[PDB]
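Those sequence lines, one after another, are chains aH, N1, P1, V1, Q1, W1, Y1 and b1.
Note that the first sequence covers residues 145 to 192 in the deposited numbering.
Note that the second sequence covers residues 1 to 164 in the deposited numbering.
Note that the third sequence covers residues 1 to 164 in the deposited numbering.
Note that the fourth sequence covers residues 1 to 164 in the deposited numbering.
Note that the fifth sequence covers residues 1 to 177 in the deposited numbering.
Note that the sixth sequence covers residues 1 to 177 in the deposited numbering.
Note that the seventh sequence covers residues 1 to 177 in the deposited numbering.
Note that the eighth sequence covers residues 28 to 350 in the deposited numbering.
Some notes on the structure that comes next.
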Amino acid sequence: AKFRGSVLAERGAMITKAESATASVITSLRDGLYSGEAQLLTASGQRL
Amino acid sequence: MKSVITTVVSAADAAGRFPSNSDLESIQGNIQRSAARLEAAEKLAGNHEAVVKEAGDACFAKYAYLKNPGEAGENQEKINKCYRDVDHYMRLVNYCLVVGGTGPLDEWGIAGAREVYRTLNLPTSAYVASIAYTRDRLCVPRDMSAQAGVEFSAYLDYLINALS
Amino acid sequence: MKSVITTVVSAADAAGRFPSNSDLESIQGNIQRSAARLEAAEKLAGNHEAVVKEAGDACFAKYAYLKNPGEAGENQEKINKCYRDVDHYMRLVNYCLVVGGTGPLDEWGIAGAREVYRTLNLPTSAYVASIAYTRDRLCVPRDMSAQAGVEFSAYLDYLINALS
Amino acid sequence: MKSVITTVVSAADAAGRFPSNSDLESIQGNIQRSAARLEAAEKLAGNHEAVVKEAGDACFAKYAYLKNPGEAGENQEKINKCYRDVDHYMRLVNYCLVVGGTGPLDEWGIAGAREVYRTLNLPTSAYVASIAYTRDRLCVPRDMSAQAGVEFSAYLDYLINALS
Amino acid sequence: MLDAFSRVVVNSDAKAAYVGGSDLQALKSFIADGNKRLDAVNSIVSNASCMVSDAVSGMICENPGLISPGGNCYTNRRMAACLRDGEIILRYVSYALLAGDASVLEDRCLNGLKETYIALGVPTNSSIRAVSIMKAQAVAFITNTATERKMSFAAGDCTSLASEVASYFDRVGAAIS
Amino acid sequence: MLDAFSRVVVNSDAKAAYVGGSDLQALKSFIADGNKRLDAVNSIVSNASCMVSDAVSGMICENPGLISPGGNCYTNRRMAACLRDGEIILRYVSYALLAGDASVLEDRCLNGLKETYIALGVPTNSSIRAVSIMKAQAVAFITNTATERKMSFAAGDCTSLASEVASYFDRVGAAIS
Amino acid sequence: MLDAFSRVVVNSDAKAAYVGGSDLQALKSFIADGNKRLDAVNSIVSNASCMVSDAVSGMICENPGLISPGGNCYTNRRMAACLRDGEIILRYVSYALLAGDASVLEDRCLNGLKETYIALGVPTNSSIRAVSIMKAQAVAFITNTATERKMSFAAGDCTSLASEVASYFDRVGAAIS
Amino acid sequence: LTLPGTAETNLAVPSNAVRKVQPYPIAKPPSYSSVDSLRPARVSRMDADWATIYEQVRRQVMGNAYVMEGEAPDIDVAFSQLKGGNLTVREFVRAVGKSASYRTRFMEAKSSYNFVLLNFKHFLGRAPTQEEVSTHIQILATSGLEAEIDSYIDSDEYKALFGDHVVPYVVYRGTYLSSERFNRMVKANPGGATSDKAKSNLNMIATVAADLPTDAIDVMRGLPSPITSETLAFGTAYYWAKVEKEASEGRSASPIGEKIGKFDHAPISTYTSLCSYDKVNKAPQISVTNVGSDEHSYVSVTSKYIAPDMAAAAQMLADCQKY
Ligand SMILES: *C(=C)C1=C(C)[C@@H](Cc2[nH]c(/C=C3N=C(/C=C4\NC(=O)[C@H](C)[C@H]4[C@@H](*)C)C(C)=C\3CCC(=O)O)c(CCC(=O)O)c2C)NC1=O
Ligand SMILES: *C(C)[C@H]1/C(=C/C2=NC(=C\c3[nH]c(C[C@H]4NC(=O)C(C=C)=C4C)c(C)c3CCC(=O)O)/C(CCC(=O)O)=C2C)NC(=O)[C@@H]1C
Ligand SMILES: *[C@@H](C)[C@H]1/C(=C/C2=NC(=C\c3[nH]c(C[C@H]4NC(=O)C(C=C)=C4C)c(C)c3CCC(=O)O)/C(CCC(=O)O)=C2C)NC(=O)[C@@H]1C
Ligand SMILES: *[C@@H](C)[C@H]1/C(=C/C2=NC(=C\c3[nH]c(C[C@H]4NC(=O)C(C=C)=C4C)c(C)c3CCC(=O)O)/C(CCC(=O)O)=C2C)NC(=O)[C@@H]1C
Ligand SMILES: *[C@H](C)[C@H]1/C(=C/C2=NC(=C\c3[nH]c(C[C@H]4NC(=O)C(C=C)=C4C)c(C)c3CCC(=O)O)/C(CCC(=O)O)=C2C)NC(=O)[C@@H]1C
Ligand SMILES: *[C@H](C)[C@H]1/C(=C/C2=NC(=C\c3[nH]c(C[C@H]4NC(=O)C(C=C)=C4C)c(C)c3CCC(=O)O)/C(CCC(=O)O)=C2C)NC(=O)[C@@H]1C
Ligand SMILES: *[C@H](C)[C@H]1/C(=C/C2=NC(=C\c3[nH]c(C[C@H]4NC(=O)C(C=C)=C4C)c(C)c3CCC(=O)O)/C(CCC(=O)O)=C2C)NC(=O)[C@@H]1C
Ligand SMILES: *[C@H](C)[C@H]1/C(=C/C2=NC(=C\c3[nH]c(C[C@H]4NC(=O)C(C=C)=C4C)c(C)c3CCC(=O)O)/C(CCC(=O)O)=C2C)NC(=O)[C@@H]1C
Ligand SMILES: *[C@H](C)[C@H]1/C(=C/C2=NC(=C\c3[nH]c(C[C@H]4NC(=O)C(C=C)=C4C)c(C)c3CCC(=O)O)/C(CCC(=O)O)=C2C)NC(=O)[C@@H]1C
Ligand SMILES: *[C@H](C)[C@H]1/C(=C/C2=NC(=C\c3[nH]c(C[C@H]4NC(=O)C(C=C)=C4C)c(C)c3CCC(=O)O)/C(CCC(=O)O)=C2C)NC(=O)[C@@H]1C
Ligand SMILES: *[C@H](C)[C@H]1/C(=C/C2=NC(=C\c3[nH]c(C[C@H]4NC(=O)C(C=C)=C4C)c(C)c3CCC(=O)O)/C(CCC(=O)O)=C2C)NC(=O)[C@@H]1C
Ligand SMILES: *[C@H](C)[C@H]1/C(=C/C2=NC(=C\c3[nH]c(C[C@H]4NC(=O)C(C=C)=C4C)c(C)c3CCC(=O)O)/C(CCC(=O)O)=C2C)NC(=O)[C@@H]1C
Ligand SMILES: *[C@H](C)[C@H]1/C(=C/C2=NC(=C\c3[nH]c(C[C@H]4NC(=O)C(C=C)=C4C)c(C)c3CCC(=O)O)/C(CCC(=O)O)=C2C)NC(=O)[C@@H]1C
Ligand SMILES: *[C@H](C)[C@H]1/C(=C/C2=NC(=C\c3[nH]c(C[C@H]4NC(=O)C(C=C)=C4C)c(C)c3CCC(=O)O)/C(CCC(=O)O)=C2C)NC(=O)[C@@H]1C
């Protein structure tokens with residue numbers, strides 16, 4: 145019980161940070177970012 | 001403090017009238033009922049160590065978050081007060097089956113209970129988890145008679161409806 | 001309108017609460033008493049021409065001065081009011097045995113009565129002798145049953161005490 | 001007495017709450033105004049005997065009929081109490097400039113004045129003539145600052161509206 | 001006010017009749033089914049806090065324009081007043097079930113509720129829905145057919161009390177309409 | 001009833017004197033540290049529900065005979081009044097810190113509190129422990145030296161505002177003993 | 001009851017919306033021209049007993065049918081009760097000028113005033129003339145164009161306060177009628 | 028007499044010309060109050076009958092008057108209209124207070140300070156402060172009896188506590204506006220068989236509500252609280268102080284010795300001038316009249332007249348640096 149009580153705030157804060165990144169990559173993809181001619185000319189920007 | 005006797009002698013005292021034939025008739029109903037509630041008061045007062053030990057950890061098997069640090073029972077002196085807080089409520093149910101009304105549960109267990117538990121941050125849902133465990137644990141021919149368990153289960157959800 | 005039911009629902013409404021176990025078992029006393037008082041009300045209903053003519057002439061056989069001129073009885077109709085005025089007081093005692101309280105005797109027979117008879121010069125002592133003749137007529141296996149006659153006697157000298 | 005601070009710690013007291021964030025915001029306006037009215041009170045405190053010997057005889061220049069034998073100035077010693085009455089009002093104008101409201105003016109100079117001046121036949125029109133003169137002798141760059149002359153003049157015609 | 005024992009004596013007082021054994025057989029049968037009435041008020045007031053909160057939350061989840069701004073159950077002060085309004089109604093029904101007639105539901109609660117809710121702005125058609133859920137909960141509690149709660153009763157029929165308490169909950173909807 | 005500005009004018013009405021210039025720079029210094037008085041009241045009233053619960057339950061843990069049958073904090077009815085009694089005391093010492101002197105504390109709270117508590121059964125030397133825990137909590141908040149909540153202020157020194165709020169908590173214990 | 005800042009947040013509460021940068025700018029101009037509002041209240045409340053004695057006696061010199069018997073301001077008792085009736089109206093207008101809207105004027109002064117004067121027989125058309133002279137007195141003092149008294153201000157335009165105070169005095173006349 | 032629906036008379040504010048009667052009685056005050064759970068319930072118009080209502084008006088508004096069967100016919104008129112709906116129970120206690128039965132046993136038989144102290148007990152169920160006394164005693168000098176009773180019933184304190192349908196009673200609130208407002212309410216309101224009738228002056232609260240100091244004696248406050256709050260304080264411990272207090276509240280001892288006016292005198296053996304303490308500070312009071320030939324120039328030796336201890340300042344004040 146003491147172990148969980150010490151890590152509860154650490155764990156929920158790292159999950160909120162991971163979902164703020166997914167929301168940013170989705171609005172950034174629709175906002176025209178990653179569509180540039182320099183992004184499609186790389187091989188990892190073609191997979192994205 | 002709230003009985004069959006005390007309501008009918010306070011309704012007569014408020015009008016300034018004698019004990020009539022109405023309130024003599026109502027304490028006749030205290031004669032036929034006290035055969036059945038004084039064996040629920042007797043069965044509770046010799047078995048109370050077992051019934052508050054198994055109702056106390058029905059709270060903590062439903063809410064194991066209360067044993068976390070910073071919560072309501074986080075060390076052993078706060079867990080031991082929770083089993084004391086449950087045993088205080090089961091003793092006032094025993095006083096209500098002896099008095100025959102909701103008198104001792106009102107002025108010793110329920111009045112001020114919402115002020116104390118909101119200030120000291122105690123969950124009332126984990127108080128009703130211990131009381132509603134013993135309401136469902138009661139067997140009708142095994143633990144008492146039929147009408148002893150009607151009176152035992154009626155003072156238990158008086159306590160549930162005052163805390164919920 | 002003052003029985004064991006309307007004295008607990010007008011006492012729980014004053015505090016703003018539900019009918020609890022003390023209210024629910026004071027109507028248990030209206031179960032195991034109503035075999036007696038409904039028996040004594042049935043004997044009053046089928047004999048009410050007889051028990052007013054044993055009783056209503058007793059105020060004239062004892063307070064004989066009322067049949068003199070310039071008094072409370074001058075003609076046959078004022079005597080016929082007096083057997084009518086006491087038959088109302090036997091109808092309301094029949095109403096009190098079926099309700100189970102002192103409801104209709106207070107609201108219809110006793111309230112206002114002291115400032116009626118003082119104005120109209122009707123003696124209350126000449127009412128009581130017609131009631132108190134009926135009170136010692138009770139013969140416990142003959143007229144009604146033994147426990148029926150106790151509650152019949154109680155409403156008769158509540159009426160005597162309100163007229164004394 | 002009736003300052004900024006006591007009118008918010010008595011409204012918190014009547015509702016039964018702690019000093020809120022709006023209660024501290026009223027004391028913030030007591031900070032910025034205190035430079036204006038405490039230089040209007042320090043100016044009045046060192047100049048107080050000069051301004052009452054010129055506003056005292058503005059009564060007697062205007063209302064000269066009250067030096068006749070039969071009126072409120074019979075002799076010399078009443079006129080020295082007439083300067084004493086107007087030096088008391090300038091002291092309370094000085095006290096209500098320090099405090100921050102009309103506390104000392106209301107409880108010590110206004111309340112009761114309708115009954116004392118009526119029964120002792122001292123005219124309220126000739127008190128107003130002594131206070132309306134010293135309101136109009138003030139010009140805002142000579143005697144004090146601009147806003148020091150506003151709040152000195154704001155407590156003077158509060159006294160004139162109270163007395164008339 | 002009036003119970004079932006004294007409703008039949010204001011009828012006898014209108015003809016000055018002695019109430020004898022002819023209309024007593026209806027009233028001797030009241031005390032015959034007297035333990036059934038006492039178990040039926042006990043099954044209502046034991047579940048009375050769950051009955052109130054389920055009724056207003058089913059009124060909310062069927063008309064969710066009461067939670068919208070400018071709705072009547074909008075803020076916390078108005079949702080708490082609706083929970084307080086709705087347990088007055090369940091309190092005065094259970095007096096009238098315990099008495100035998102509705103002479104305390106009509107004088108003490110319903111006398112002046114229609115013109116009180118109009119001056120306040122309370123929607124009346126949602127108030128019919130909150131008491132019709134409470135009518136359906138009450139006839140499922142005193143006939144022992146609730147799905148999430150079973151109470152221990154003796155064996156018999158109790159449908160003449162379920163039709164009686166449906167008439168008390170329909171007098172509430174006929175007054176505020 | 002009186003603030004710090006009204007205290008010096010009822011001291012100078014007794015001499016029939018004007019409030020001059022040498023009795024103003026002790027009062028113009030009230031205004032100059034006036035933003036620190038406003039931050040000190042704000043750091044008491046913010047974390048004030050933790051203050052009256054740590055003081056009463058820390059008084060219980062040093063005299064646990066108030067919890068015994070016969071103590072004055074025994075039932076729920078008395079413990080709810082003791083936690084309510086303690087936050088009247090914290091309310092009136094924050095009125096006296098905001099105003100600058102203890103005249104609303106001495107009139108509306110302490111005049112008659114000893115004869116209230118003696119007639120009602122309150123142990124008057126266990127109530128001085130709940131006020132003296134509250135004095136220790138209040139001087140650790142307006143000097144920012146609590147170990148579990150820090151607040152954010154400007155740089156400087158408030159050891160004279162903490163020195164007079166202890167002088168209002170000592171006035172509660174002297175009016176009760 | 002409300003002021004100009006809480007009139008904004010009850011409009012945003014109808015839409016369940018945050019009050020942000022569009023209609024914050026209408027409130028930042030309320031605070032900026034805010035010393036203009038405080039001088040304009042101060043000039044009303046400093047000439048208030050000349051202002052109510054002139055509007056009531058101005059109403060007498062328009063219509064001298066109130067000094068004949070049968071008049072409503074006939075007696076010595078009714079002249080004091082009319083000169084008190086007209087300074088309640090000035091007191092609630094200066095609350096509404098200091099606050100920023102006329103919702104202290106609706107709730108506390110104009111609730112039931114039309115029903116009072118009908119039941120008293122107070123004549124309605126003589127009362128509108130009593131507040132119209134108070135309307136012309138108010139806009140003279142706060143644009144400083146009064147003929148018998150001039151007060152010292154800083155220089156600038158305060159005509160939108162004087163167009164706001166005439167909307168408050170026209171609200172009193174429309175509800176009496 | 029008025030009309031079969033009326034909520035308020037006399038039109039003191041404009042908002043009672045549009046006001047309706049309340050359909051239901053008002054709720055209790057929402058603070059906590061642990062003493063109110065030991066109290067009997069509110070008697071209201073909806074729940075009680077007319078035997079309960081007329082008894083509880085006589086037990087609070089009339090004190091304990093012992094009203095006989097023929098006496099007070101004016102209250103029987105105002106009760107005849109209460110049952111008809113013509114006036115509410117707020118207006119019924121306004122008709123009771125302006126009646127001649129309330130006047131003949133509280134106004135013209137008691138004192139003038141003592142009349143204002145009973146009106147807070149009868150109409151509001153508490154005791155005033157000295158600032159509240161001096162505003163209600165100006166109405167008894169400038170506007171008479173009926174404008175003083177009309178200021179209780181039309182106050183904001185009445186309509187929040189009782190409203191239209193609740194009989195006045197002693198309200199236990201929890202948080203009070205001062206701590207002395209609690210224990211003067213309890214002192215002014217004891218329980219059964221009290222009856223402020225031949226207690227010809229109060230004299231204990233008549234000098235405690237004359238100072239914002241002098242918090243009064245705690246045995247006049249431990250007495251009239253509800254029991255189960257004062258058991259294990261009344262076996263024989265504080266019990267004998269209650270016995271002395273009730274023998275000196277009845278017969279109405281004056282507190283010039285112990286409570287107000289407090290002069291620690293010299294020792295007995297340190298003077299030995301006029302022998303005994305019984306006749307120590309006695310000096311004669313002489314009053315002549317000198318009107319014609321009827322004088323009665325009667326010298327009487329008056330009692331121990333004591334120092335004012337208020338009129339002696341003045342001394343060390345009028346001559347501090349002066350004289
Ligand atoms: C929201 C969209 C929504 C709801 C909230 C819920 C409301 C609702 N509930 C019923 C029917 C009953 N509710 C009952 C109450 C309880 N059951 C229990 O056992 C506990 C003690 C108590 C509280 C939870 C009961 C007994 C019933 C009757 C059904 C049964 O026999 O069990 C309804 C239907 C009422 C009607 O319209 O006739 C509604 C709307 N339902 C929702 O959809
Ligand atoms: C219908 C509501 C029920 C049901 C009811 C029956 N109850 C019967 C007997 C019985 N019930 C009680 C409970 C009640 N009486 C009290 O005095 C109090 C508390 C004060 C309560 C809560 C008792 C004591 C008894 C015993 C008396 C007896 O058995 O006669 C019963 C049997 C017949 C009858 O008594 O009328 C019935 C049918 N049973 C049901 O199935 C529905 C759900
Ligand atoms: C709530 C947790 C506040 C807070 C309050 C502070 N309490 C401080 C000191 C203190 N607390 C107690 C009670 C505690 N000690 C016990 O032994 C028991 C139980 C048996 C309890 C509940 C005591 C006795 C004291 C000391 C009093 C004294 O010295 O006279 C305190 C100041 C010192 C400190 O920081 O520890 C504060 C600020 N602390 C918080 O952060 C939240 C907001
Ligand atoms: C008190 C003298 C104030 C003051 C007040 C102002 N009165 C203003 C206009 C006004 N006054 C009257 C009443 C007066 N005229 C009469 O004909 C009679 C008698 C029959 C009396 C008593 C009337 C009718 C009006 C005009 C109403 C209107 O215009 O609708 C007024 C505004 C005009 C101006 O600025 O002079 C003011 C300010 N004047 C003062 O300075 C002292 C302080
Ligand atoms: C256990 C299932 C609960 C729980 C209980 C706790 N109760 C605590 C303190 C407490 N409880 C009461 C009410 C109880 N005491 C009585 O004397 C009576 C009636 C005679 C009753 C019903 C009071 C008044 C108090 C405070 C007094 C005290 O401190 O002893 C408690 C301690 C809280 C604390 O330390 O601040 C606990 C932990 N808590 C749980 O985990 C579940 C919810
Ligand atoms: C007979 C034993 C008495 C007696 C009787 C008389 N009663 C007279 C009038 C009367 N009585 C009542 C009370 C009666 N009416 C009721 O409705 C009820 C209860 C339901 C009762 C007990 C009333 C209200 C009245 C007035 C109405 C009327 O005039 O009938 C009466 C006539 C008096 C007269 O005409 O002056 C008589 C003679 N009086 C006796 O002489 C013996 C003692
Ligand atoms: C028991 C005390 C004695 C006894 C007494 C007798 N009673 C006699 C006749 C009688 N009694 C009544 C009153 C009675 N009848 C009723 O209907 C009711 C109430 C419902 C009561 C109390 C009446 C009306 C009569 C007349 C005849 C009749 O209708 O029944 C009686 C015969 C003549 C006489 O002495 O009055 C006697 C002897 N009888 C006993 O055996 C024990 C000793
Ligand atoms: C402003 C309207 C004029 C102006 C006026 C003059 N005032 C003169 C003397 C004077 N003024 C006052 C009142 C004033 N002095 C104070 O100390 C205070 C309060 C703090 C006030 C309101 C007094 C008592 C006196 C007499 C001497 C003095 O104390 O100054 C004055 C001299 C003429 C004379 O001897 O009477 C004038 C011309 N002066 C201006 O510049 C603007 C235009
Ligand atoms: C808790 C830390 C104490 C303690 C407190 C108790 N106080 C009780 C009742 C009570 N307290 C006051 C004073 C309070 N109310 C005010 O209005 C003001 C000042 C404005 C203050 C300081 C009053 C007036 C009352 C009684 C009236 C009422 O409750 O309505 C109390 C209840 C006693 C009981 O019923 O058992 C308690 C327990 N007692 C303690 O043990 C600690 C030391
Ligand atoms: C002592 C308790 C603290 C501390 C206090 C200081 N605060 C200082 C300046 C300052 N404080 C506030 C907060 C306060 N003023 C308000 O008007 C309101 C709300 C209405 C609040 C809550 C403000 C705004 C300011 C700004 C003033 C400025 O900086 O110019 C301060 C600086 C000196 C002074 O201004 O007097 C101090 C020392 N600092 C501490 O370290 C302790 C813990
Ligand atoms: C004068 C310019 C008017 C006029 C005025 C009269 N008003 C009279 C009585 C009265 N006025 C009010 C309303 C007032 N009181 C308030 O408390 C509030 C706001 C909260 C307002 C607006 C009331 C309630 C009353 C009745 C109370 C009372 O009678 O004093 C009045 C007395 C009538 C009389 O008895 O003769 C007068 C004369 N009447 C006029 O003709 C001019 C236009
Ligand atoms: C009786 C034969 C005595 C006697 C009695 C007197 N008692 C008088 C007045 C009185 N008594 C009480 C106490 C009583 N009333 C209650 O409400 C309660 C308890 C709830 C009790 C025990 C009170 C309160 C009062 C005064 C009330 C009133 O004014 O009606 C009394 C009146 C005195 C007088 O006016 O002369 C008398 C004569 N006196 C005796 O000589 C015998 C021994
Ligand atoms: C008798 C010859 C009549 C008659 C009279 C009844 N009046 C009833 C009730 C009642 N009457 C009044 C008016 C009365 N009270 C006053 O204060 C004043 C004048 C200042 C008068 C004239 C009121 C207000 C009430 C209601 C209050 C009450 O008394 O309960 C009444 C009772 C009706 C009932 O419930 O049965 C009666 C019988 N009725 C008649 O038939 C003749 C003509
Ligand atoms: C003037 C000749 C004295 C003096 C008088 C003061 N009396 C003060 C208050 C006061 N006086 C009374 C008694 C009197 N008033 C009544 O209403 C009645 C009859 C019903 C009587 C006999 C009372 C009751 C009170 C208190 C209530 C009130 O304010 O009227 C008083 C005020 C004291 C203060 O608060 O400062 C004064 C100054 N004092 C003197 O020095 C001379 C000798």
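Where a beta carbon is used, it is the ideal one built from N, C-alpha and C, also for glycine.
Supposed contact pair residue j and residue i - C-beta distance, whole angstroms, cut 8 Å
i                 : j                 : result
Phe-60 (chain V1) : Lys-67 (chain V1) : 7 Å
Listed by chain order, chain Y1 residues near residue i by CB distance under 7 Å
i                 : result
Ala-44 (chain b1) : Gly-112, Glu-115, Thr-116, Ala-119
Chain b1 contact residues for residue i, given Cβ-Cβ distances below 8 Å
i                  : result
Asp-107 (chain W1) : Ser-205, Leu-239
Check whether the segment 38-57 of chain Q1 touches the segment 95-105 of chain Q1, taking contact to mean three or more Cβ pairs, one atom from each stretch, closer than 8 Å.
-> yes
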